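Working notes, beginning with the structure itself.
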Amino acid sequence: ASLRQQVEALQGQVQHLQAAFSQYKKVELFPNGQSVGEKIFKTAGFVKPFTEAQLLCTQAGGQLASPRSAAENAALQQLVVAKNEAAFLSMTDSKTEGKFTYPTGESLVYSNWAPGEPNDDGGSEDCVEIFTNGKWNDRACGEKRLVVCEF
Amino acid sequence: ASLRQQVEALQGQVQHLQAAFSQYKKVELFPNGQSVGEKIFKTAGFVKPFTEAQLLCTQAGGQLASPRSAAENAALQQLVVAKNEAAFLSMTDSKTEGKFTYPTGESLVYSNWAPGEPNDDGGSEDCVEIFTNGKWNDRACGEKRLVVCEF
Amino acid sequence: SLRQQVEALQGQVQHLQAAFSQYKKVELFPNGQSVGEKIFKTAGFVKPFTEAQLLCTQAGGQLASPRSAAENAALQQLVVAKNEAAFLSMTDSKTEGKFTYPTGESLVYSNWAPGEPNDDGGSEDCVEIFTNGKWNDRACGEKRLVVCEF
Ligand SMILES: CO[C@H]1O[C@H](CO)[C@@H](O)[C@H](O)[C@@H]1O
Ligand SMILES: CO[C@H]1O[C@H](CO)[C@@H](O)[C@H](O)[C@@H]1O
Ligand SMILES: CO[C@H]1O[C@H](CO)[C@@H](O)[C@H](O)[C@@H]1O
Ligand SMILES: [Ca+2]
Ligand SMILES: [Ca+2]
Ligand SMILES: [Ca+2]
Ligand SMILES: [Ca+2]
Ligand SMILES: [Ca+2]
Ligand SMILES: [Ca+2]
Ligand SMILES: [Ca+2]
Ligand SMILES: [Ca+2]
Ligand SMILES: [Ca+2]
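Taken in sequence, the protein lines are chains A, B and C.
Here the first sequence stands for residues 225 to 375, numbered as in UniProt numbering.
Here the second sequence stands for residues 225 to 375, numbered as in UniProt numbering.
Here the third sequence stands for residues 226 to 375, numbered as in UniProt numbering.
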């Protein structure tokens with residue numbers, strides 16, 4: 225019976241914590257983040273070449289944005305539109321030209337290539353950017369694009 | 225007893241979350257947030273016209289800053305001062321000239337109008353801005369002001 | 226019954242632990258660094274010392290006060306990322322040649338650049354940290370990156 229008092233008390237504490245956490249999470253995502261499902265995109269708000277962007281996300285405990293569905297892509301698109309800057313995705317075909325993979329080596333399960341893409345322009349486009357319209361284009365890894373990580 | 229031991233373990237886990245979260249609350253609100261009572265204001269740090277500002281807030285699960293007491297208004301003022309940029313509030317008299325309402329249609333429970341305001345200058349001021357001195361002025365919705373949401 | 230409520234509570238706490246851990250990463254990116262029990266966060270802009278100090282105290286923290294090589298290296302990452310030297314909390318405003326924390330305590334760790342502190346011009350009572358992590362005394366009226374600790 226004293227255990228029941230403790231349980232009822234802990235239940236109230238945990239629910240107040242859930243409520244505070246939920247509020248702080250909305251605050252956290254405004255205006256540089258987007259949640260979609262269990263994934264959270266957050267932009268750093270500046271641009272970097274791919275290798276540097278990739279390092280920022282991994283050091284932060286995440287990875288570069290990797291939309292795996294239309295819904296994820298739409299969420300990511302909101303951030304790009306808000307910053308009005310194309311962003312890098314995580315995926316590259318550096319290992320095998322024409323074959324884009326996630327950092328793990330897995331093949332794409334979703335893509336949203338703009339018409340005519342990916343075209344490996346100049347013979348050297350192995351990174352991927354997402355435009356303000358949400359479509360993707362292969363782009364040289366040395367160009368600077370908005371940094372958006374996923375967690 | 226096992227139920228007892230489970231409750232004790234939960235107690236320890238909850239204490240740890242409360243303590244860890246309490247620190248992150250402070251970190252999160254620096255430098256663009258302000259907590260007051262159960263409300264949190266958060267600025268995007270940039271300016272937009274009203275309609276755009278309102279959409280940003282509502283899409284983020286909030287609404288434009290709606291100070292409902294002197295205490296809230298002072299907390300909001302601290303952000304406005306820090307950014308040195310007047311901000312939009314949520315309230316308008318777009319529906320009925322002279323009758324300012326919250327986005328829910330409720331009439332105002334607090335106001336801090338500068339002397340002689342609102343004055344519907346030019347016959348077309350239906351939004352409200354808050355100055356760095358904390359006072360309110362009705363202003364054209366088309367103008368660009370600091371975006372500050374409440375959560 | 227009780228055993229059921231406990232089970233549900235267990236689920237709620239495990240969910241919060243996972244959600245909180247994910248949220249911590251989101252929060253610290255890109256302007257924060259966690260080191261031990263301390264968190265540094267930069268505002269991403271520069272201010273003169275008095276203004277920087279007030280921003281930190283009103284936010285419920287204080288200016289970055291690295292107390293070990295580990296803390297200094299963590300702080301240094303933010304400085305390197307913004308490519309902007311930052312103010313520390315410590316000053317010798319009260320007693321020239323003696324730098325103290327905002328409490329009044331004397332320094333328990335330092336990382337002065339060679340020759341520093343040198344009170345150049347007879348008026349350097351604040352401290353900046355460079356992208357190389359070394360410290361230099363500097364006029365309090367100059368504008369440097371604001372970084373607070375919590
Ligand atoms: C859309 O812009 C064009 O040029 C860029 C690189 O500059 C390409 O990546 C792209 O596929 C097009 O050919
Ligand atoms: C300086 O402020 C004046 O003009 C603006 C519009 O420019 C008004 O909203 C205000 O009430 C005053 O008439
Ligand atoms: C370039 O560095 C020198 O000048 C600055 C600015 O005055 C001093 O703080 C420093 O100790 C050196 O004398
Ligand atoms: Ca190639
Ligand atoms: Ca290629
Ligand atoms: Ca291309
Ligand atoms: Ca009108
Ligand atoms: Ca009006
Ligand atoms: Ca007016
Ligand atoms: Ca002195
Ligand atoms: Ca000095
Ligand atoms: Ca010096």
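No residue lacks a Cβ here, since even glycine has one placed at the ideal position from N, Cα and C.
> What residue does the alpha helix (DSSP H) around B/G236 start on, and which one ends it?
Replying inline: 226-253
> Is there contact between the region 284-300 of chain C and the region 324-341 of chain C, where contact requires at least three CB pairs shorter than 8 Å?
Replying inline: yes
> Regarding C/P342 and ligand 11, is the C-beta to nearest heavy atom distance less than 7 Å?
Replying inline: yes
> Between which two residues does the beta strand (DSSP E) containing C/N361 stretch?
Replying inline: 360-363
> C/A311 versus chain B: which residues are under 9 Å apart at the beta carbon?
Replying inline: Within 9 Å Cβ-Cβ: nothing; C/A311 doesn't reach chain B, min ~14 Å.
> Hey, out of A/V251, A/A298, A/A233, whose CA is closest to A/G358's CA?
Replying inline: A/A298
>> Check whether chain B comes within 8 Å of A/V305, counting only Cβ atoms and requiring the distance to be less than that.
In response: no
>> Can you pull the chain C neighbours of A/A284, defined as C-beta to C-beta under 8 Å?
In response: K250, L253, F254, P255
>> Which residues in chain A have a C-beta closer than 7 Å to the C-beta of C/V238? List them in chain order.
In response: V238
> Using a threshold of 7 Å, is the CB atom of C/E349 nearer than that to any non-hydrogen atom of ligand 12?
Replying inline: yes
> Whose C-beta lies closer than 6 Å to the C-beta of C/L227 among residues of the same chain, with five residues either side of it excluded?
Replying inline: none
> For C/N361, is the beta carbon positioned less than 7 Å from some heavy atom of ligand 3?
Replying inline: yes
>> Just to check my reading of the structure: A/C351 and A/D362 have Cβ atoms closer than 8 Å, yes? What is that Cβ distance to the nearest angstrom?
In response: 7 Å
>> Using beta carbons (cut-off 8 Å, strictly below), is C/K323 in contact with chain D?
In response: No chain D is present in this structure, whose protein chains are A, B and C.
>> I want to see whether chain A comes within less than 8 Å of C/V231, judged by CB atoms only; does it?
In response: yes
> When the Cβ atoms of the region 244-252 of chain B are set against those of the region 235-248 of chain A, are three or more pairs found closer than 8 Å?
Replying inline: yes
> Could you give the C-beta distance for B/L234 and C/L234, rounded to a whole number, given that I count them as a contact under 8 Å?
Replying inline: 6 Å
> Taking only runs of the beta strand (DSSP E) that begin and end inside the region 258-323 of chain C, which ones reach a length of at least 3 residues, in chain order?
Replying inline: 263-273, 316-320
>> Between A/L370 and chain B, is any beta-carbon pair separated by less than 8 Å?
In response: no
> What residues from chain A crowd round B/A268, counting only those whose CB sits closer than 8 Å?
Replying inline: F254, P255
> Just the Cα atoms here: how many angstroms apart are A/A277 and A/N256?
Replying inline: 16 Å
> Say the cut is 7 Å; is the CB of B/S246 nearer than that to a heavy atom of ligand 10?
Replying inline: no
>> Distance check for B/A310 and B/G347, CA to CA, integer angstroms please.
In response: 21 Å
> Where does the unbroken beta strand (DSSP E) through C/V352 begin, and where does it stop?
Replying inline: 351-354
> Measuring CA to CA, which of C/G285, C/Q258, C/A364, C/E262 is closest to C/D317?
Replying inline: C/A364
>> Counting C-beta neighbours from all protein chains within 10 Å, is the total for C/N308 16 or more, i.e. buried, or is it exposed?
In response: exposed
>> Between which residues of its own chain and B/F274 is the CB-CB distance below 7 Å, once the five residues before and five after are set aside?
In response: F312, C351, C365
> How would you label C/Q229, buried or exposed, when you count the other beta carbons within 10 angstroms and need 16 or more for buried?
Replying inline: exposed
>> Below 8 Å on the Cβ atoms is my contact criterion, and I expect A/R369 with A/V260 to pass it. Report the Cβ-Cβ distance as a whole number of Å.
In response: No, A/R369 and A/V260 are not in contact; Cβ-Cβ is about 20 Å, not under 8 Å.
> How many Å lie between A/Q301 and A/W360 at the Cα?
Replying inline: 11 Å
> Given that B/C373 touches chain A, what residues does it touch there, using C-beta distances under 7 Å?
Replying inline: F254
>> Can you confirm whether B/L227, when its beta carbon is compared against all beta carbons of chain A, has any partner nearer than 8 Å?
In response: yes
>> ligand 8 and B/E367: does the residue's C-beta get closer than 7 Å to at least one heavy atom of that ligand?
In response: no
> Across which residues does DSSP place C/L370 in a beta bridge pair?
Replying inline: C/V271, C/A311
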